[PDB]
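Each remark here refers to the structure printed beneath this line.
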Ligand SMILES: Nc1nc2cc3nc(N)[nH]c3cc2c(=O)[nH]1
Ligand SMILES: Nc1nc2cc3nc(N)[nH]c3cc2c(=O)[nH]1
Ligand SMILES: [Zn+2]
Ligand SMILES: [Zn+2]
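Protein chains in written order, with the entry's author numbering: chain A, 11 to 107, 109 to 111, 115 to 125, 131 to 382; chain A', 11 to 107, 109 to 111, 115 to 125, 131 to 382. A prime marks a further copy of an entry chain.
Printed below as a string of structure tokens:
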């Protein structure tokens, strides 16, 4: 394979399906990336993550720089060999993870003390051996005034240029990894346009829509996507950071998004929430204590082939680790089945019907 | 297969190796039973427990009667289908699990309020669909005076008779399951003899040595085994309840024990302790933070094939579920490799050399 090649095999409206080819493997798009923040997708072996259909997972510069350390992981052979995942890994840059500081034009120092900057973020992502490196940005808080959103976006665009130059100055990274830029501008069309233009002038391998999934709510998120995604280069992947619930994913693909991540299937699975095609259920509810059906009636995952709602109910109520394992495997497999149904429906020219059907039943 | 058949294929001294055949499968002896107290071997799918080599797992009447309930499990199709383990299951009777009350000759009531008795224990084990049912006994506290140990043992022997009659009165249970008696008598030879005699007069499919692994320490435990195991019928399995550390298992097999259980590999694995042929290690120790070796240098388990000490160190320090999963799978696989080396060495007439070699290196 090449360092990076995105090809679009079929289209319907603004939706696209295709493939990203990288040295460590092929990513089918639209893609959902399970989140592996501490060098693990919580409660799953990497072979189980792959068996659900994932082609790529997400890691985080911020978390891994703190524990176990980026230089440590490099000394141990990089993130892929450390955790036993040999396929592509995308790493976020630390520009969100303000969520968990002294800010300046140079970067951010935060509470031991640590520092991140465009140069240091890109370096950490190199030490980890990331395949898709995210530019170092500022996720603008929501809501933001137009002035604050503009200042923040402008700084992020200067940081995007510094990110590009830091990545390109490291020959091994430039030859083997890809770099994505992150659009900012909050909910304001003109600032989203200025940001898209800045990013396309610099030039990246892919373009993320940043600054969403920060409390704005679906209607607003969709309105911003309606004008923001068309601003990005059409021939590169479009990544919506941190999204989301199954309905959010379907509507975002209808608006031109190719890549997704979120902790909802893993985190809410450990808390008892199971996704089904008839909507989410909370397995802790006493109504499931003698329910012999699988979590979902159609799901092909190994959990639904083997165990009942009643058993998983018991495990979660008892605080047993196997309950977290089973709930997480099912929810990640559900998300991957959703992405496969989206890909196949776009490929067959029937995605808009799929999206309507999905919603009618899920709600 | 038959309901129950124990065959001894080879002997060395007091040690034996062979097989127990039951309707749900064959158990290779000497056997280690992973503990699955809440209807799960903690942090392992049943297929992973089987892949480590286990032939049988242990469940507990006390815990399962409280959560999810014995009648509930029966309504759901029994413990095997509930948890997805289709091989034999031994259940303890609740006579230990005083550890976690109003006692009388009729049984014990304990804190909601619950009751156990010989009749109710055997009934619960039937509702669960246990393959090896334990008689309802009193595990005598340690230390005990000879008078208190005698009173307690005598009550247990009356309860053993009631257990036998309750099991035999239930045709489906009598035809499909096995019943083991439990010897008591604390550390006193004459009371152990009286108990063995009582149990052999009643007649059981197997005989447990109860009342040990309750704080007495290895030397004392071994002294009691030295005289107690020969008192039991030679042609039936001998089960030492709750034992134990790898060295305890080796010395108990040298004294005629065929079956073992304990929470040490699962519980101490979640707490960071890994078994190796050079003795246990605590993976949380900072000396492992950049150690690329597997947990154990010779272990054939999937954990040792794929992940380093450094990674597992990270996971346990971070409180990640995958650390508990990996540590537990390795420790259970280590225990099963120990039992396989014991079986093969007895079969080859070189168990005493194995035991000496094991100890020289483990210590
Ligand atoms: N670097 C970066 N990461 C992000 C991660 C996110 N997760 C959610 N929910 N929203 C996010 C936005 C950003 C963002 O704007 N920048
Ligand atoms: N029913 C029964 N169960 C037991 C379980 C045990 N676990 C350890 N550590 N010792 C034990 C003794 C008994 C015992 O004497 N009776
Ligand atoms: Zn499923
Ligand atoms: Zn191992």
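Ideal Cβ placement from N, Cα and C applies to all residues, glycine included.
CB contact check: residue i to chain A', cutoff 8 angstroms
i: residue 93(A); result: yes
i: residue 340(A); result: yes
i: residue 309(A); result: yes
i: residue 333(A); result: yes
i: residue 68(A); result: no
i: residue 101(A); result: no
i: residue 326(A); result: yes
i: residue 264(A); result: no
i: residue 72(A); result: no
i: residue 53(A); result: yes
i: residue 285(A); result: no
i: residue 159(A); result: no
i: residue 78(A); result: yes
i: residue 125(A); result: no
i: residue 215(A); result: no
i: residue 330(A); result: yes
i: residue 352(A); result: no
i: residue 219(A); result: no
Test item: CB-CB of residue i and residue j under 8 angstroms
i: residue 31(A); j: residue 365(A); result: no
i: residue 83(A'); j: residue 149(A'); result: no
i: residue 271(A'); j: residue 251(A'); result: no
i: residue 104(A'); j: residue 155(A'); result: yes
i: residue 345(A'); j: residue 334(A'); result: yes
i: residue 296(A); j: residue 381(A); result: yes
i: residue 39(A); j: residue 256(A); result: yes
i: residue 113(A); j: residue 227(A); result: Since chain A is numbered 111 and then 115, with no step between, residue 113(A) has no place in the structure shown.
i: residue 151(A'); j: residue 199(A'); result: yes
i: residue 74(A'); j: residue 147(A'); result: yes
i: residue 94(A'); j: residue 325(A); result: yes
i: residue 72(A); j: residue 111(A); result: yes
i: residue 289(A); j: residue 347(A); result: yes
i: residue 311(A'); j: residue 86(A); result: yes
i: residue 13(A); j: residue 197(A); result: yes
i: residue 179(A'); j: residue 217(A'); result: yes
i: residue 273(A'); j: residue 25(A'); result: yes
Min CB distance residue i to chain A below 8 angstroms
i: residue 255(A'); result: no
i: residue 312(A'); result: no
i: residue 178(A'); result: no
i: residue 62(A'); result: no
i: residue 295(A'); result: no
i: residue 84(A'); result: no
i: residue 258(A'); result: no
i: residue 271(A'); result: no
i: residue 50(A'); result: yes
Extent of the continuous alpha helix (DSSP H) run through residue i
i: residue 193(A'); result: 190-195
i: residue 166(A); result: 165-187
i: residue 72(A); result: 71-76
i: residue 285(A); result: 283-289
i: residue 93(A); result: 89-93
i: residue 240(A'); result: 237-247
i: residue 144(A'); result: 137-147
i: residue 85(A'); result: 80-85
i: residue 256(A); result: First-last for residue 256(A): undefined, no H or E at that position.
i: residue 45(A); result: First-last for residue 45(A): undefined, no H or E at that position.
i: residue 269(A); result: 265-272
Span of the beta strand (DSSP E), counted from its first residue to its last, around residue i
i: residue 123(A'); result: 121-124
i: residue 279(A'); result: 278-280
i: residue 225(A); result: 225-228
i: residue 22(A); result: 14-22
i: residue 36(A'); result: 35-39
i: residue 57(A'); result: Note, residue 57(A'): premise wrong, no beta strand (DSSP E); alpha helix (DSSP H) at 56-61.
i: residue 26(A); result: 25-32
i: residue 107(A'); result: It is not in any beta strand (DSSP E) - residue 107(A') carries neither H nor E in the DSSP assignment.
i: residue 118(A); result: 116-118
Bridge partner(s) assigned by DSSP for residue i
i: residue 101(A); result: 69(A) and 152(A)
i: residue 204(A'); result: Residue 204(A') is not bridged to any residue.
i: residue 301(A'); result: 292(A')
Closer than 7 angstroms: residue i CB and nearest ligand 6 heavy atom
i: residue 68(A); result: For the structure depicted, ligand 6 is absent and the ligand set comprises only ligand 1, ligand 2, ligand 3 and ligand 4.
Can you list the alpha helix (DSSP H) stretches of 4 or more residues lying completely in the stretch 311-374 of chain A, in chain order?
-> 321-325, 328-337 and 340-366
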